[PDB]
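Next up: just one chain, as structure tokens, the form deposited in one PDB entry.
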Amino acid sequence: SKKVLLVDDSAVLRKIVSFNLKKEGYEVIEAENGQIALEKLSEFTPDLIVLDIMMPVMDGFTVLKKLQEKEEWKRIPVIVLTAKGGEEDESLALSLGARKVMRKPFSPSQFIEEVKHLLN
């Protein structure tokens, strides 16, 4: 089974996304902010990170920056999943090492297809 680290400050969002990921046979590890994410990332290297932008303590842009500065982290694929739209958010996220940027409210089928693109 592939392992996905799901990083979002919304418990409701994490519930929905984890449910959809598990249906595909993936195993999910959760983090409610960027700091928690990096703490868990010190322990293991997931096959994929799904990453929110707007979070307390440490936001998604900061996470992306920190992933790039470590040899162990810089190759992990990241799909940014965020309520925020606009070219600037997309450009910044990609410039900091995100693979894909997707918008909330999330379309489960489109999301899962992209996850599949990167994993299988």
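Shifts are known only where both forms have a C-alpha. Here the rigid core means the biggest group of C-alpha atoms that line up within 1.5 Å when the two forms are laid on top of each other. For every residue, the number given is its place in the sequence shown, counted from 1.
What comes next is about the form deposited in another entry, which is not displayed.
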Problem - Core-superposed C-alpha of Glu43 shifting 2 Å or more between this form and the one not shown - result: no
Exercise for the section: Determine whether the C-alpha of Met55 shifts by 2 Å or more between this form and the one not shown once the rigid core is superposed. Expected result: yes
Exercise for the section: Please check if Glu88 moves between this form and the one not shown, taking a CA shift of 2 Å or more relative to the superposed core as movement. Expected result: yes
Practice task
Using the form shown as baseline, tell whether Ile36 and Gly86 are closer or farther in Cα-Cα distance in that other deposited form, where the change reaches 3 Å or more.
Solution key: closer
Fill in the blank from the handout: Working note: in that other deposited form the C-alpha atoms of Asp9 and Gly86, off by 3 Å or more, come closer
Practice task
Please identify, after superposing on the rigid core, every run of 3 or more consecutive residues whose C-alpha atoms all shift by 2 Å or more between this form and the one not shown, listing them in sequence order.
Solution key: 54-59, 82-90
